[PDB]
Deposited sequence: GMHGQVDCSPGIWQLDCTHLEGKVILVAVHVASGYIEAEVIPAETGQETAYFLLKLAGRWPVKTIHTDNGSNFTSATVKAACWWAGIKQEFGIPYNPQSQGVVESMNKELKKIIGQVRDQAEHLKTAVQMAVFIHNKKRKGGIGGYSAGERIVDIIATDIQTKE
């Protein structure tokens, strides 16, 4: 489904990186957030939902979607709650692979910037433009355009 995104946080240098993966394409949106809080996740979801047609959110940590602020963002944006991760052999290992690739790229470009957030955005850019043939960026735009 083109409306499914998986959101997870990863920790690096005492900072938190919120990583959203568009499951059907492997496209990533990421932000360095001041703390792993419900208010940060809610704000991130409102931004994401205004940029792409988000129908469902998945995660490897269900408790991060329990706060009143996150429930309010999903209610307002019309995003449906997902219990666990439904078995889908087509997307098996895709989210883990995209997160592994992003982490590797961050490590590879880290010394090119002072701030971790700068290295993270360089890594998102490299990841989204990398041809695998099409790139994740080309794939998401094709998937969504064809779904419209």
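Deposited sequence versus model: which ranges have no CA atoms? Absent from the structure are positions 1 to 8, 141 to 144, 161 to 164.
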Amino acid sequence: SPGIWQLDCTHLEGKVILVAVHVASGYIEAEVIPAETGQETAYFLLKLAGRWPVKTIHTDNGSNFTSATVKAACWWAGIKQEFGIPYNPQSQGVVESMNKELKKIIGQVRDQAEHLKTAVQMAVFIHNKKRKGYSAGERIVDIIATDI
From here on, numbers count along this sequence of modelled residues.
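Given the B-factors recorded for C-alpha atoms, which segment has the greater mean, 121 to 129 or 8 to 16? The stretch with the larger average C-alpha B-factor is 8 to 16.
Name the higher of the two by mean Cα B-factor in the PDB entry, 101 to 109 versus 64 to 72. The recorded data point to 101 to 109.
Residue with highest C-alpha B-factor in the PDB entry, from 53, 34, 26, 38: Of the candidates given, the C-alpha B-factor peaks at 34.
Which one of 115, 47, 58, 80 shows the top CA temperature factor in the record? Of the candidates given, the C-alpha B-factor peaks at 80.
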